[PDB]
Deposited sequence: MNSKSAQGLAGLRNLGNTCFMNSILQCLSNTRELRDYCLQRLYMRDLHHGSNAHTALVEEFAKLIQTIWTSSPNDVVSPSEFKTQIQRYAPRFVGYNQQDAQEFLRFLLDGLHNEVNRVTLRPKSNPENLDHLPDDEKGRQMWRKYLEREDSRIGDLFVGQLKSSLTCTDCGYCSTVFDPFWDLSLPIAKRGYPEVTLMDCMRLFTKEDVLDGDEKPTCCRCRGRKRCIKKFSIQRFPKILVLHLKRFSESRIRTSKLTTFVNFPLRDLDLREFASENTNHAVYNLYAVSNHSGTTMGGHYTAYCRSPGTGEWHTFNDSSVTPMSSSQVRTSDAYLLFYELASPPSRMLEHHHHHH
């Protein structure tokens, strides 16, 4: 069933929001339920095995509870704060920041471990194999993609290309919007042609001086699970504040083909989870909306309460992290 709430341990709803998103990440959940992590676990003492163990036990407990049971993640929390001491307290925290440290911990514990002559695509493939020989896990299987960044000197026309892995994308929010800001508007702002001039002129290795350049991202490899993090932060050099702009994101048929380096039939996503923040930058409350992998129905997970919801209630301006799965 998977409709168990998580006990608030003291400002830990950021952690619970993320835990529920991951609980409803079908392939990650199955990994834990089917106990497939056991043979992936590393041996050797104080290689943080308890983190994977306590995370998997929590996912197991959630998916074997009666609906409206409340589960305690206290053992898990002990393990995550040992892995990442910033989470030692009972202070309010950022859910994205928590996601990154959590997935890093899990990944590390089940880890199974110049090119100017090459065309772009071959260079990327080689950089990708080079990466996968350092970072190769079931967690990576799900979350990791590859960006291509192309930097062109406007003077000599030389284009330097590099390839950066990613486990999520942090998207700037469009200030525009005809009727509404959309997720596609945000992906466009991420992948757009960035002008690097004035103070931002890069040095051109061919021109041997600072030149106006254009820099552009595309997606070279799409991940199975695409996590999109909306940059809800103002540019204030005094008091930073939250951007509460409504971003309209789809539930279904997010086709990211246009952002690909190479045309692909396999960059279409469906939404399955959302981590919501209500508050300011300094404080607030987290909730999660998640689609059960089994039934396809949505629930709100809020301060240990688990309640059904319609798909029409899923899109809100409080959306902060969006979890999409390759359809």
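Colleague: What's missing from the model if you number the deposited sequence from 1?
Modeller: Missing CA coords at 1-6, 120-128, 343-356.
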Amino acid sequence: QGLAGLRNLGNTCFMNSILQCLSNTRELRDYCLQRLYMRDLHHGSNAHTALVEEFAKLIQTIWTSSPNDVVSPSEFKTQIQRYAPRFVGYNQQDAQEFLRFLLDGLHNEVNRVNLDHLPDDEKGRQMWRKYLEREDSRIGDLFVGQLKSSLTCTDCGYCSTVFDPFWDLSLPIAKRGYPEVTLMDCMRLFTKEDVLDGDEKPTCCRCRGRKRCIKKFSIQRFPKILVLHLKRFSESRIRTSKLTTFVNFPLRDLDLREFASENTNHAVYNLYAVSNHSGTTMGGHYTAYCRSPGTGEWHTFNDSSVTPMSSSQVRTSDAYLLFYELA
From here on, numbers count along this sequence of modelled residues.
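Colleague: Which of the two stretches, 268-276 or 35-43, shows the higher mean Cα temperature factor in the record?
Modeller: Looking at the record's C-alpha B-factors, the answer is 35-43.
Colleague: Identify the stretch, either 69-77 or 213-221, whose C-alpha atoms have the larger mean B-factor according to the entry.
Modeller: The recorded data point to 69-77.
Colleague: Looking at 189, 159, 132, 103, which has the highest Cα B-factor in the entry?
Modeller: In this record, 132 carries the highest C-alpha B-factor of the candidates.
Colleague: Just grab whichever of 195, 151, 99, 115 has the top CA B-factor as deposited.
Modeller: If I rank 195, 151, 99, 115 by C-alpha B-factor, first place goes to 115.
Colleague: For residue 233, does the deposited CA B-factor place it in the lowest, middle or highest third of the chain?
Modeller: Middle third.
Colleague: Sort the modelled residues of this chain by their C-alpha B factor and say whether residue 57 lands in the lowest, middle or highest third.
Modeller: It belongs to the highest third of the chain when residues are ordered by C-alpha B-factor.
Colleague: Ranked by Cα temperature factor within the chain, is residue 201 in the lowest third, the middle third or the highest third?
Modeller: Residue 201: CA B-factor falls in the middle third of its chain.
Colleague: For residue 137, return the chain-relative third of its C-alpha B-factor as stated in the PDB record: lowest, middle or highest.
Modeller: It falls in the middle third of the chain.
Colleague: Per the entry's values, where does residue 171 land by CA temperature factor relative to the rest of its chain, in the lowest, middle or highest third?
Modeller: Its C-alpha B-factor belongs to the lowest third of this chain's values.
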